[PDB]
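Visitor: Handing you this structure, nothing more for now.
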Amino acid sequence: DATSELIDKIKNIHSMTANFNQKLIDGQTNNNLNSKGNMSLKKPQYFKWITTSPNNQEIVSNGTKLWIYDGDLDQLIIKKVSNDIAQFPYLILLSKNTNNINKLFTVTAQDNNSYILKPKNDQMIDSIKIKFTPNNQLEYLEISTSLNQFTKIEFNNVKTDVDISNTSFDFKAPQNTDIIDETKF
């Protein structure tokens, strides 16, 4: 029921770009940490998350490689992509059916077009809240974790059904980047 309503909204986001503002509330340090940036998404497997302030970071996935770039360290970690929706909330936003979500999460619908996902077996994530605007646009994500951290990500300047070329999601390292390639066999 609730899972089906959520996926109907997600499956209809074929591509998207947006700005984001992130506030991270850390209970173990009692620090409130702010950041901002932009994101791009394209079904079925493309995701890009760029932090522009205060740090420079990029997470990019093309369905084959996951690139984790820290601009302040000039360091790149490369991993293989798994459809690990329990670990990566943004993979929920690429979903097209309810099969794996229902096996890994209990999903509840609430008023004002929001949904709460609670893992059935997970220690890291306590809950994921996905909120849509009345006209079914992505509005914010809230992620609560057993590290006692609460992350709220709010989207603005949302644009959908842009035509992003697939090469936009193939990361090209800057010159002299420190590489940790974890895909080598």
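Ordered as shown in the structure tokens, chains take letters A, B, and onward, while each chain numbers its residues from 1 and ligands are numbered from 1 in the order shown.
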Leaving out stretch 44-49 of chain A and any residue of its chain fewer than 5 positions from it, which residues lie within 7 Å of it when counting only C-alpha atoms, given as an MDAnalysis selection string?
Guide: chainID A and resid 38:39 58:63 94 169
Visitor: Save the residues we just selected, N, CA and C atoms, as a short mmCIF file (atom, residue, chain, number, x, y, z; two decimals), in the first residue's frame?
Guide:
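Listing of result-v3.cif after writing:
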```cif
data_model
loop_
_atom_site.label_atom_id
_atom_site.label_comp_id
_atom_site.auth_asym_id
_atom_site.auth_seq_id
_atom_site.Cartn_x
_atom_site.Cartn_y
_atom_site.Cartn_z
N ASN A 38 24.62 20.54 -5.25
CA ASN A 38 23.68 20.25 -6.32
C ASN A 38 23.72 18.76 -6.61
N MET A 39 22.64 18.27 -7.20
CA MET A 39 22.50 16.86 -7.50
C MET A 39 21.90 16.69 -8.88
N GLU A 58 32.41 15.24 -4.32
CA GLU A 58 31.53 14.71 -5.35
C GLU A 58 31.39 13.20 -5.16
N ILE A 59 30.14 12.73 -5.19
CA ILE A 59 29.82 11.31 -5.26
C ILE A 59 29.11 11.09 -6.59
N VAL A 60 29.64 10.19 -7.42
CA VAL A 60 29.08 9.96 -8.75
C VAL A 60 28.97 8.46 -9.01
N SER A 61 27.83 8.03 -9.53
CA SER A 61 27.58 6.63 -9.83
C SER A 61 26.96 6.51 -11.21
N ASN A 62 27.45 5.55 -12.00
CA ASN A 62 26.93 5.34 -13.35
C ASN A 62 26.40 3.93 -13.55
N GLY A 63 26.14 3.20 -12.47
CA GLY A 63 25.70 1.84 -12.56
C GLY A 63 26.81 0.82 -12.57
N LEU A 94 16.17 5.92 -7.40
CA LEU A 94 16.28 5.32 -8.72
C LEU A 94 15.37 4.11 -8.88
N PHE A 169 27.88 11.34 -16.08
CA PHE A 169 28.03 10.53 -14.88
C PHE A 169 29.25 9.62 -14.93
#
```
Visitor: At a cut-off of 6 Å, using only C-alpha atoms, what residues contact residue A:145? Leave out same-chain residues fewer than 3 positions from it and give the result as a PyMOL selection string.
Guide: chain A and resi 124-126+148-149
Visitor: Limited to N, CA, C and O atoms, could you put the picked residues into a file as a PDB file, in the first residue's frame?
Guide:
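Result saved to selection05.pdb:
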```pdb
ATOM      1  N   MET A 124      22.815   0.781  11.151  1.00  0.00           N
ATOM      2  CA  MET A 124      23.240   2.124  10.785  1.00  0.00           C
ATOM      3  C   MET A 124      22.040   3.054  10.657  1.00  0.00           C
ATOM      4  O   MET A 124      21.917   4.038  11.391  1.00  0.00           O
ATOM      5  N   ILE A 125      21.142   2.747   9.729  1.00  0.00           N
ATOM      6  CA  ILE A 125      19.959   3.570   9.498  1.00  0.00           C
ATOM      7  C   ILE A 125      18.853   3.211  10.480  1.00  0.00           C
ATOM      8  O   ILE A 125      18.498   2.036  10.642  1.00  0.00           O
ATOM      9  N   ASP A 126      18.311   4.228  11.145  1.00  0.00           N
ATOM     10  CA  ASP A 126      17.108   4.068  11.950  1.00  0.00           C
ATOM     11  C   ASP A 126      15.839   4.368  11.165  1.00  0.00           C
ATOM     12  O   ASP A 126      14.845   3.645  11.294  1.00  0.00           O
ATOM     13  N   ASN A 148      23.602   8.389  16.011  1.00  0.00           N
ATOM     14  CA  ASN A 148      22.908   9.481  16.685  1.00  0.00           C
ATOM     15  C   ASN A 148      23.051  10.768  15.875  1.00  0.00           C
ATOM     16  O   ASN A 148      23.188  11.860  16.431  1.00  0.00           O
ATOM     17  N   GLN A 149      23.051  10.630  14.552  1.00  0.00           N
ATOM     18  CA  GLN A 149      23.091  11.766  13.650  1.00  0.00           C
ATOM     19  C   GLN A 149      21.737  11.865  12.960  1.00  0.00           C
ATOM     20  O   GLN A 149      21.069  10.850  12.718  1.00  0.00           O
TER      21      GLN A 149
END
```
Visitor: Quick one: residues within 9 Å of residue A:138, only C-alpha atoms counted, chain neighbours fewer than 2 positions away excluded, as a PyMOL selection string?
Guide: chain A and resi 9-10+13+130-133+136+140-141+154-155+158
Visitor: Might you pull out every residue within 10 Å of residue A:134, with only C-alpha atoms counted and same-chain residues fewer than 5 positions away left off, and present them as a list in words?
Guide: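 Selected residues are residues 112, 113, 114 and 139 of chain A.
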Visitor: Write the selection just made, keeping C-alpha atoms, as a compact mmCIF listing (two decimals), in the first residue's frame?
Guide:
```txt
# COMPACT_ATOMS: atom_id res chain seq x y z
CA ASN A 112 1.52 16.09 3.69
CA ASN A 113 2.81 13.53 1.17
CA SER A 114 5.58 11.97 3.27
CA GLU A 139 11.04 18.20 -1.25
```
Visitor: Name the residues in contact with residue A:157 at a cut-off of 10 Å, using only C-alpha atoms, excluding same-chain residues fewer than 4 positions from it; report them as an MDAnalysis selection string.
Guide: chainID A and resid 17:20 38
Visitor: Write the residues of the selection above to a file with N, CA, C and O atoms, as a JSON list (two decimals), in the first residue's frame.
Guide:
```json
[["chain", "number", "residue", "atom", "x", "y", "z"],
["A", 17, "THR", "N", 17.53, 17.52, -11.85],
["A", 17, "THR", "CA", 18.63, 18.27, -11.26],
["A", 17, "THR", "C", 18.03, 19.16, -10.17],
["A", 17, "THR", "O", 16.87, 19.56, -10.25],
["A", 18, "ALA", "N", 18.82, 19.43, -9.14],
["A", 18, "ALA", "CA", 18.33, 20.29, -8.07],
["A", 18, "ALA", "C", 19.52, 20.83, -7.29],
["A", 18, "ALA", "O", 20.61, 20.26, -7.32],
["A", 19, "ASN", "N", 19.29, 21.95, -6.61],
["A", 19, "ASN", "CA", 20.19, 22.36, -5.54],
["A", 19, "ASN", "C", 19.76, 21.71, -4.24],
["A", 19, "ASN", "O", 18.58, 21.37, -4.05],
["A", 20, "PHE", "N", 20.71, 21.54, -3.32],
["A", 20, "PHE", "CA", 20.35, 21.06, -1.99],
["A", 20, "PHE", "C", 21.05, 21.88, -0.90],
["A", 20, "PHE", "O", 22.13, 22.42, -1.10],
["A", 38, "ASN", "N", 24.62, 20.54, -5.25],
["A", 38, "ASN", "CA", 23.68, 20.25, -6.32],
["A", 38, "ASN", "C", 23.72, 18.76, -6.61],
["A", 38, "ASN", "O", 24.69, 18.06, -6.29]]
```
Visitor: Choose the residue, out of A:16, A:2, A:76, A:24, that has the smallest atom-to-atom separation from residue A:173; count only C-alpha atoms.
Guide: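 Nearest to residue A:173: A:76.
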Visitor: For each of A:174, A:11, A:164, A:36, take the minimum atom-to-atom distance to residue A:91, counting only C-alpha atoms, then give the residue where this is smallest.
Guide: A:11
Visitor: Output as number ranges by chain all residues of stretch 85-146 of chain A that backbone DSSP marks as helix (DSSP H, G or I).
Guide: A: 89-92, 99-104
Visitor: From the DSSP assignment of the backbone, select every residue of stretch 33-149 of chain A that is strand (DSSP E), and format the answer as a PyMOL selection string.
Guide: chain A and resi 33-42+46-53+57-61+65-70+75-80+105-110+114-119+125-132+138-145+149
Visitor: Of the candidates A:118, A:80, A:42, A:159, which one gets nearest to residue A:185 if we count only C-alpha atoms?
Guide: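 With only C-alpha atoms as the atom set, the closest residue is A:80.
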Visitor: What's around residue A:70 at 10 Å? Count only C-alpha atoms, leave out sequence neighbours fewer than 6 positions away in its own chain, and write the answer as number ranges by chain.
Guide: A: 51, 55-59, 76-77, 177-178
Visitor: Output the selection as a PDB file, in the first residue's frame - C-alpha atoms for each residue.
Guide:
```
ATOM      1  CA  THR A  51      28.959  19.547  -2.345  1.00  0.00           C
ATOM      2  CA  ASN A  55      33.877  21.670   1.347  1.00  0.00           C
ATOM      3  CA  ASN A  56      34.364  20.434  -2.225  1.00  0.00           C
ATOM      4  CA  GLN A  57      33.165  16.844  -2.677  1.00  0.00           C
ATOM      5  CA  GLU A  58      31.530  14.706  -5.346  1.00  0.00           C
ATOM      6  CA  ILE A  59      29.821  11.308  -5.263  1.00  0.00           C
ATOM      7  CA  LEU A  76      39.419   9.667  -5.092  1.00  0.00           C
ATOM      8  CA  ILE A  77      38.034   6.327  -3.925  1.00  0.00           C
ATOM      9  CA  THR A 177      44.502  13.115  -7.719  1.00  0.00           C
ATOM     10  CA  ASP A 178      45.384  10.497  -5.089  1.00  0.00           C
TER      11      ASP A 178
END
```
Visitor: As an exercise, work out the distance from atom CA of residue A:81 to atom CA of residue A:35 in Å and give it to one decimal place.
Guide: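 So the two atoms, atom CA of residue A:81 and atom CA of residue A:35, lie 25.2 Å apart.
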Visitor: Could you check how far atom CA of residue A:93 sits from atom CA of residue A:75, in Å to one decimal?
Guide: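 If I compute the distance from atom CA of residue A:93 to atom CA of residue A:75, I get 26.9 Å.
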Visitor: Which residue gives the smallest distance to residue A:183 among A:108, A:78, A:146, A:53, with only C-alpha atoms counted?
Guide: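 The answer is A:78, which sits nearest to residue A:183.
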Visitor: Just to confirm, what's the straight-line distance from atom CA of residue A:171 to atom CA of residue A:86 in Å (one decimal)?
Guide: 24.0 Å
Visitor: Write out as an NGL selection string the residues lying within 8 Å of residue A:150, counting only C-alpha atoms and excluding same-chain residues fewer than 3 positions away.
Guide: :A and (24-26 or 142-145)
